[PDB]
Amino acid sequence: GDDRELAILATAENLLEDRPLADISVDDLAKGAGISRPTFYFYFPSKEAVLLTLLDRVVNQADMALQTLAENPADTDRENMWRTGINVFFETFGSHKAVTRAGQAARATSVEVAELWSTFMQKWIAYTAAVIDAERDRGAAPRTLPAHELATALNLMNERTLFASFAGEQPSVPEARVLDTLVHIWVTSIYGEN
């Protein structure tokens, strides 16, 4: 029963490796899950709804991993703090490229997908800004840009730059260079007096 829902999700993730959601039919999904098409419709109203659930799982896995980090002491220098935090997103979405690619595309045609992404981006921006505020309050970071606006730009850079790297877009930073690139820009802009 839940095996059937999970089988549908796994099929969808597999199939998305090789083709876009448009090129995947409910029949394909039902076939791979070892169920009929009307049984599929018991579990999901559409193939679009299966993508939403896949993306919700990955997004929540990233969010939970960040929350785990936030709850640690984790004694290391400031650069290494930002790196471990950005690395949560690099590894989580990097482990789920087909879902990442499919989810990004579906922001344009799905209000629930756009809303899911927006809700989590606002959360991650708020956490970034709160950590910046703490760094300022302890005297480690200078009071330059408004912390929330800084957080916003840096998070949007990550969104676009991680994605370009994972998709192999032209232009893109090689995936093997993107962590180091993002961390440099976060650290110099957060701690830089100029």
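Residue positions are given as counts along the sequence shown, with the first one as 1.
Self-check item: Mean Cα B-factor comparison, 175 to 183 or 17 to 25, giving the higher one as deposited
Solution: The stretch with the larger mean CA B-factor is 17 to 25.
Exercise. Would you tell me which stretch averages the higher CA B-factor in the PDB entry, 159 to 167 or 62 to 70?
Key: Looking at the record's C-alpha B-factors, the answer is 62 to 70.
Quiz item: Between 142, 38, 146, 32, which carries the biggest CA temperature factor in the record?
Solution: Highest C-alpha B-factor among the listed options: 32.
Quiz item: Out of 88, 106, 121, 81, which shows the largest CA B-factor listed in the entry?
Solution: So the option with the highest C-alpha B-factor is 106.
Exercise. Can you work out whether the C-alpha temperature factor of residue 46 puts it in the lowest, middle or highest third of the chain?
Key: Tercile = highest for this residue's CA B-factor.
Practice problem: Sort the modelled residues of this chain by their C-alpha B factor and say whether residue 190 lands in the lowest, middle or highest third. | Solution: According to the entry, residue 190 has a C-alpha B-factor in the chain's lowest third.
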